[PDB]
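Next comes just one chain, in structure tokens: the form deposited in one PDB entry.
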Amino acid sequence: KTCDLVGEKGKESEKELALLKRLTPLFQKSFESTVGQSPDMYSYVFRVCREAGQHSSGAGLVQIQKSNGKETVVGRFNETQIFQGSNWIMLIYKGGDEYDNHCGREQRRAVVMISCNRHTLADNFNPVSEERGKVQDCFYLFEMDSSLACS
């Protein structure tokens, strides 16, 4: 099980496929981070096209509430979209858990900005913000370094 792109097999973007192929070396890797104070003590676990959760729900990125260890799925890698610019790669996992009292109760979303760092294959995975104040198109933002994002 790897990331799934938009469209039945074959109608898929050769650009996005070429990118998935490029990110292969990060598949085996796992990224973690704990942000927040208390009602914010969160631990975000991120993976590229691999289960980042312990509930086998196909999570590409999970948000763990340190207090009670409850696991929330922020995005799923079978609803993945990717594209790159000159020195960055944007990764997006959709199909996350539904909001209950925010954003029209739409599924959660994770947006990961991958910037170019010649010094490491991958490192510095850091949560930036959560936009849950819109009627739609909300999301969680994270950033990380990777030499794969370089040209």
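Residues that one form lacks are left out of the comparison. If you superpose the two forms and keep the largest set of C-alpha atoms that fall within 1.5 Å, you have the rigid core. When you see a residue number, it is the position in the sequence shown, counting from 1.
Same protein, other form: the form deposited in another entry, not shown, and the subject of what follows.
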{"query": "Core-aligned CA displacement of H102 at least 2 Å between this form and the one not shown", "finding": "yes"}
{"query": "Exceeds or equals 2 Å, Cα of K21 between this form and the one not shown, core fit", "finding": "no"}
{"query": "Flag for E143, CA shift 2 Å or larger between this form and the one not shown after aligning core", "finding": "no"}
{"query": "Closer or farther in the other form: C-alpha pair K94, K134 (3 angstroms or more)", "finding": "farther"}
{"query": "Pair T72/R132, Cα separation in the other form versus the displayed form, closer or farther by 3 angstroms or more", "finding": "closer"}
{"query": "Once both forms are overlaid on the core, stretches between this form and the one not shown of 3 or more residues with C-alpha shifts of 2 Å or more", "finding": "37-40, 102-104, 130-139"}
